[PDB]
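Given next, in structure tokens, is a single chain: the form deposited in one PDB entry.
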């Protein structure tokens, strides 16, 4: 199915730009070629597109984070790897980031709990690394630091709608956001 992939990619782009509710199934159909309710030959309803997109990305993030900590010999290398991983993600899959923290509530209850579980576990991987690096760090403080870092890195979605970010933009942004993130986590640590 290259129509199945074409619909999901159209849905991803349109949900990011316009939001879930304001996107008309016919618009997704149209953008993929064929449309109105051709969609139902691939999917059983709107919601199922959103579910595939968000269950997919939330599972990928958790698996990728675990892979990073698995391969890392030491906790400093693990943190560096998690930053790199999430930075690649934030720069590369901005649309799925924007959908995940704008449209989570529009999931069927079952799917919503599955995505919240994968997200909670992704935060816990970061919290686990930060607390092992600083045994004096309270759970609550580690969580706050983690969310703050995701916010810092996910600030290209908020400064990038459909802009350049090919040449010096990609490499420059990566350098600056990594430096900001590394310094942020060091200062949090020396206050706490």
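Numbering follows the first chain given and starts at 1. Here, rigid core means the biggest group of C-alpha atoms that superpose within 1.5 Å across both forms.
Higher mean CA B-factor, judged across 33 to 41 and 129 to 137 from the recorded values: 129 to 137. For the pair 161 to 169 and 55 to 63, the record assigns the higher mean C-alpha temperature factor to 161 to 169.
Of the candidates 22, 25, 175, 14, it is 175 whose Cα B-factor is highest according to the PDB record. The entry lists a Cα temperature factor for residue 148 that places it in the lowest third of the chain's modelled residues. In the deposited entry, the Cα temperature factor of residue 154 places it in the lowest third of its chain's modelled residues.
For residue 190, the recorded CA B-factor ranks within the highest third of the chain. Only modelled residues enter the ranking. In this PDB entry, the Cα temperature factor of residue 90 sits in the bottom third of its chain's modelled residues, the lowest group. Annotation for residue 182: CA B-factor lies in the middle third of the chain's modelled residues.
Missing here is the form deposited in another entry; even so, the following discussion is about that form.
Fit the rigid core and compare the CA positions between this form and the one not shown: of 65, 149, 39, 129, just 39 moves by 2 angstroms or more. Superposition on the rigid core between this form and the one not shown places the CA atom of residue 165 2 Å or more away from its counterpart.
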